[PDB]
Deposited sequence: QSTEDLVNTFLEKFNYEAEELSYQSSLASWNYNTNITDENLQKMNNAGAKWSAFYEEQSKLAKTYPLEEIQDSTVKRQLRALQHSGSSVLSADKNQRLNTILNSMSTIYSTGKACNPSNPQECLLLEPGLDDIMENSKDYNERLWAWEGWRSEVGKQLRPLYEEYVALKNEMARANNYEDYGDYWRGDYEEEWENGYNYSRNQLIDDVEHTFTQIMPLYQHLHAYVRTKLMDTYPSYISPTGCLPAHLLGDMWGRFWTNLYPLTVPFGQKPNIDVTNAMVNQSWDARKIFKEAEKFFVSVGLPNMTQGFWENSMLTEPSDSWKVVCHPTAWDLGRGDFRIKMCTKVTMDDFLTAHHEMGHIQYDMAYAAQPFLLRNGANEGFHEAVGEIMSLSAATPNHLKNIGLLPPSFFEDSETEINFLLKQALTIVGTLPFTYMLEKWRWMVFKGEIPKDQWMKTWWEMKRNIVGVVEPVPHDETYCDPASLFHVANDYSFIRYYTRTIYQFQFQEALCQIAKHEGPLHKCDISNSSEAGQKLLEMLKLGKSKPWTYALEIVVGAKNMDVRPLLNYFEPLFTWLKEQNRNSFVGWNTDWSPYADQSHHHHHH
């Protein structure tokens, strides 16, 4: 008769009534993405609406059970997951206004027009064009046309989100996002929300030196294109960052390459010679994942999955995805080609599929990752281990006479660094700005005067043209125009190397870390599937401590990964000046 007794019965019904309404929605969503017609949209919408209505009804009617009497550990957290969802209940009249505001704010970004739509033509100028003037006007124009219409709408958005956060006994909307890492346990495995601000603020100081060096070379390797256009002791302009906003530096590689006479490790020609196809690639990936002790792929995987372009004139999107529809259904959707780039994605998706298969035995509410970064971090180490010279030689796609050169290693390390390390200050800065704005500490009348103040101080990027408060820069990002957390990547970047170091140490590899390999080892995969089977049944502190042996993030493994690049680069700074000055302005010398 106790409350726990009623809770158990209420949960044992939900665990089975959710599994159908989830399966129908998953199948409806998959069929539209597979076939694309004018009639499947209605079915998908109907299934989604039914599932959402069922979930919202159950979440509201599950709030009549107090949590204080629950004794079992996992049973309390199942209701914690069920009850917190649906917290966006503040006012019926205001809900429609908020939804209309969100849709209107998202609409302009989708239908953005600039003389060329965002995807076909606007991206090419920022990604490949090397003309100063062409990018100079384009970067300003994208903000001037699309951005200026988004500023007034964003004013009420923050107020409404703050009111919604204060409805649920929170402080600000940022603290609502910060609740994906909050956990309550014994003295040894507890995490409090306000610590997440501090811990990250630690993990950025130790990366401060290395990034500084990465700011130097590029600065002295972009001098050649523009001899007397940018000062050699100031901040890098935003429009010369290889992207519209500056998230990645990966497209500056042709401008800054140390040794252009040595080609990178490419095996596309060897694949062409031997007449490979998609099934061979996926069988090679299956071999890679089974050699490390993990299980194999089910029978239905090869029959129900789509693994090529449909050449029968039907339209598809076929963006690379992996689907766990539910109840034993696993599929992978990707337009396969015969280049080396898809070889990495083959392992990347199989990692997600294996992680999904790992925790199928847990209750329905616990079938997910430990937090918002584990799921993606698991699938990156497989691509890292599948792109090494040793694996390529062992498989057979590479001649046995191939050797390894120091210049090749340096170039590979710089290529990976320009993609990974360069995105951390930007990711941290955006979240810091958003958190401060949500707190409301920053005055509304000086937002730009504050935003650029961060840009020089943190990431060292200076605007080319002065701007007033009319503009609204952050809305230019897709992840900002739509409500989405932006702190996932910072955690995933650290977690992948944190896992890789431990796995390679268990595999007993001798040599530098970046030349590791985890194949032919049934111990590392066995240890990994120890945490992959947990799912969300235990807090992520236990999941982390099972593998690495600690309780918190450490950035030392990432510094150990780039030790050769750091040491080799350190010599080139002797006849140069490292750092930037917050003293120069575009209008005054």
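Next on the checklist: If a residue lacks a C-alpha atom here, it counts as unmodelled; so which stretches of the deposited sequence fall into that category?
Outcome noted: Missing from the model are residues 116-123, 598-605.
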